[PDB]
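Comments concern the structure below.
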Amino acid sequence: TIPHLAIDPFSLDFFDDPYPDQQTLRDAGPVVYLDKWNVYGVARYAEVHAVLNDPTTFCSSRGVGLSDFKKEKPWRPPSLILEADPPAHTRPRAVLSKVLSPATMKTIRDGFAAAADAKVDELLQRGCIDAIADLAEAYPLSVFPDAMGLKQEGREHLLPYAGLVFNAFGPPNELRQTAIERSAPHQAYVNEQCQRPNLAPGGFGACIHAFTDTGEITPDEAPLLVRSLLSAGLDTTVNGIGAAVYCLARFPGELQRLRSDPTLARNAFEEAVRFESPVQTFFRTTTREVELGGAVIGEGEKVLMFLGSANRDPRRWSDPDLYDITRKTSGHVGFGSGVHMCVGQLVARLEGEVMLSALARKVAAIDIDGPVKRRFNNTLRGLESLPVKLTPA
Ligand code: HEM
Ligand SMILES: CSc1ccc(C(=O)O)cc1
Ligand SMILES: [Cl-]
């Protein structure tokens with residue numbers, strides 16, 4: 001009933017060009033079995049969306065990577081939110097909700113926007129730049145660690161620590177095993193910065209600590225919740241902004257539309273999240289026997305959701321393979337869906353909007369001007385290097 005496939009969705013060849021294999025996965029059936037990792041797979045929008053929206057049946061507390069926490073030790077203490085199920089999930093979620101809230105966005109926006117304009121201005125002085133190191137990485141690094149309230153010393157650990165986290169969701173391939181081997185100093189830095197004394201007042205970090213007297217979280221939960229933001233908060237936005245620039249770079253027609261109406265900046269970002277889906281994949285674990293798309297999955301099985309595939313499913317999207325900054329993106333699963341839907345999406349969108357606004361107002365063209373180099377990671381899709389020539393408007 002369930003087709004078995006030998007595709008390794010965590011292989012360098014798959015990362016290098018996932019799209020044919022992803023159609024192969026959708027078209028094989030609503031539910032496949034991946035013999036490489038002994039794992040159920042769902043690659044169509046409908047089943048990915050269903051799975052995300054039944055947290056009772058498809059739980060996150062047994063881990064959202066390949067590893068099943070009921071079978072193996074987690075490589076670090078479990079996240080209090082990503083790797084928890086309702087009701088444990090609920091209050092720490094509420095806290096990060098209020099911390100990364102509309103009101104908070106109102107306090108950081110001018111600063112984020114200024115940073116974004118200043119960067120684009122700086123890059124136009126150079127002309128030929130690396131849209132990854134000098135933009136996708138540099139810009140979030142200029143705003144997010146400050147927004148967190150991190151001290152300056154040690155920030156080089158942040159992107160290493162993130163690549164470790166996302167690699168560690170993957171199978172025990174060499175990417176994962178090499179990440180964990182190198183992890184010790186990045187863990188030490190991050191863990192130390194999660195303690196209240198090390199976070200500057202007014203920041204996301206000290207804000208999380210300040211929420212520890214309401215009955216929602218206790219003081220011993222706050223460091224791990226800060227850890228959550230230093231795990232998820234940065235590298236995701238680097239690959240999100242990287243994606244958007246790359247799309248603009250490959251669809252000049254859409255850059256020209258964006259320039260003509262910079263208010264499209266925020267949706268231009270949302271479409272780049274759908275189109276590239278920087279967060280490619282996550283697992284759930286079945287807490288019971290379940291019928292899904294007319295196939296039956298037993299208790300305790302890992303189910304792999306192909307978010308990027310879901311976002312290019314021609315069953316859901318018209319011309320999924322086109323970058324369209326005026327598309328109605330509502331319902332894309334690049335930020336997830338349901339009770340775990342990205343609690344940090346207002347920061348990502350803010351960062352993404354203000355950067356694409358800056359480009360929209362200041363840049364006339366973005367032409368790839370050198371070898372594009374992909375960066376391989378078990379969960380993240382994105383580029384190592386994107387050399388572009390920026391033409392001033
Ligand atoms: C382009 C940027 C981003 C993308 C594509 C993204 C993607 C995602 C996805 C797909 C999920 C769902 C995980 C699941 O269902 O298991 C999620 C949850 C989460 N994200 Fe984001 N994210 C982004 C930005 C951010 C930022 C800026 C932050 C923090 C400042 C953040 C923090 C979190 C946290 C803590 C969770 C766990 C929420 C929960 O379990 O309820 N993310 N993200
Ligand atoms: C969806 S990416 C991500 C989200 C949350 C955490 C965490 O809670 O540490 C890590 C990665
Ligand atoms: Cl850690």
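All residue names refer to the structure tokens as shown: chains lettered A, B, ... in order, residues numbered from 1 in each chain, ligands numbered from 1 in order.
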Practice item. Please provide as a list in words all residues within 10 Å of residue 11 (chain A), with the sequence filter that same-chain residues fewer than 6 positions apart are discarded (counting only C-alpha atoms). Key: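 Near residue 11 (chain A), the qualifying residues are residues 18, 173, 174, 175, 376, 377 and 378 of chain A.
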Point to revise | Contacts of residue 171 (chain A) at 9 Å (only C-alpha atoms; same-chain gap of 3+ positions) as a PyMOL selection string | key: chain A and resi 10+37+65-67+167-168+174-177+378
Point to revise | Protein and nucleic acid residues within 6 Å of ligand 2 (only C-alpha atoms and all ligand atoms) as an MDAnalysis selection string | key: chainID A and resid 79 81:82 227:228 231:232
**Study point:** region 245-254 of chain A surroundings by only C-alpha atoms, 8 Å radius, close-in-sequence under 2 positions cut, as a PyMOL selection string
**Key:** chain A and resi 131+241-243+256-258+272+323-325+365-368+386
Check your understanding: Any idea what the distance is between CA of residue 336 (chain A) and CA of residue 289 (chain A)?
Key -> 23.4 Å
**Study point:** Best match for closeness to residue 299 (chain A) among A:234, A:195, A:59, A:147, counting only C-alpha atoms
**Key:**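 Once distances to residue 299 (chain A) are computed over only C-alpha atoms, the minimum belongs to A:59.
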Could you make a table, as a Markdown table, of the residues of chain A that have an atom within 12 Å of an atom of ligand 3, each with its nearest atom pair and distance in Å to one decimal, counting only C-alpha atoms and all ligand atoms, in chain and number order?
```
| residue | atom | partner | partner_atom_place_in_ligand_line | distance |
| --- | --- | --- | --- | --- |
| A:74 | CA | ligand 3 | 1 (Cl) | 10.9 |
| A:75 | CA | ligand 3 | 1 (Cl) | 8.5 |
| A:76 | CA | ligand 3 | 1 (Cl) | 5.8 |
| A:77 | CA | ligand 3 | 1 (Cl) | 7.6 |
| A:78 | CA | ligand 3 | 1 (Cl) | 9.7 |
| A:79 | CA | ligand 3 | 1 (Cl) | 9.9 |
| A:157 | CA | ligand 3 | 1 (Cl) | 11.3 |
| A:158 | CA | ligand 3 | 1 (Cl) | 10.9 |
| A:160 | CA | ligand 3 | 1 (Cl) | 11.4 |
| A:161 | CA | ligand 3 | 1 (Cl) | 7.8 |
| A:162 | CA | ligand 3 | 1 (Cl) | 9.8 |
| A:164 | CA | ligand 3 | 1 (Cl) | 9.5 |
| A:165 | CA | ligand 3 | 1 (Cl) | 8.5 |
| A:168 | CA | ligand 3 | 1 (Cl) | 11.5 |
| A:180 | CA | ligand 3 | 1 (Cl) | 10.6 |
| A:183 | CA | ligand 3 | 1 (Cl) | 8.3 |
| A:184 | CA | ligand 3 | 1 (Cl) | 8.4 |
| A:185 | CA | ligand 3 | 1 (Cl) | 9.4 |
| A:186 | CA | ligand 3 | 1 (Cl) | 7.3 |
| A:187 | CA | ligand 3 | 1 (Cl) | 4.0 |
| A:188 | CA | ligand 3 | 1 (Cl) | 6.8 |
| A:189 | CA | ligand 3 | 1 (Cl) | 8.4 |
| A:190 | CA | ligand 3 | 1 (Cl) | 6.2 |
| A:191 | CA | ligand 3 | 1 (Cl) | 5.7 |
| A:192 | CA | ligand 3 | 1 (Cl) | 9.3 |
| A:193 | CA | ligand 3 | 1 (Cl) | 10.6 |
| A:194 | CA | ligand 3 | 1 (Cl) | 9.9 |
| A:223 | CA | ligand 3 | 1 (Cl) | 10.5 |
| A:224 | CA | ligand 3 | 1 (Cl) | 8.8 |
| A:225 | CA | ligand 3 | 1 (Cl) | 11.5 |
| A:226 | CA | ligand 3 | 1 (Cl) | 10.8 |
| A:227 | CA | ligand 3 | 1 (Cl) | 7.3 |
| A:228 | CA | ligand 3 | 1 (Cl) | 9.4 |
| A:229 | CA | ligand 3 | 1 (Cl) | 11.7 |
| A:230 | CA | ligand 3 | 1 (Cl) | 9.6 |
| A:231 | CA | ligand 3 | 1 (Cl) | 8.5 |
```
Practice item. For ligand 1, collect every residue having any atom at a distance of at most 7 Å from a ligand atom (counting only C-alpha atoms and all ligand atoms); output as number ranges by chain. Key: A: 52, 60, 64, 81-83, 93, 228-229, 232-234, 236-237, 239-240, 273, 277-279, 282, 333-337, 339-345, 347-348
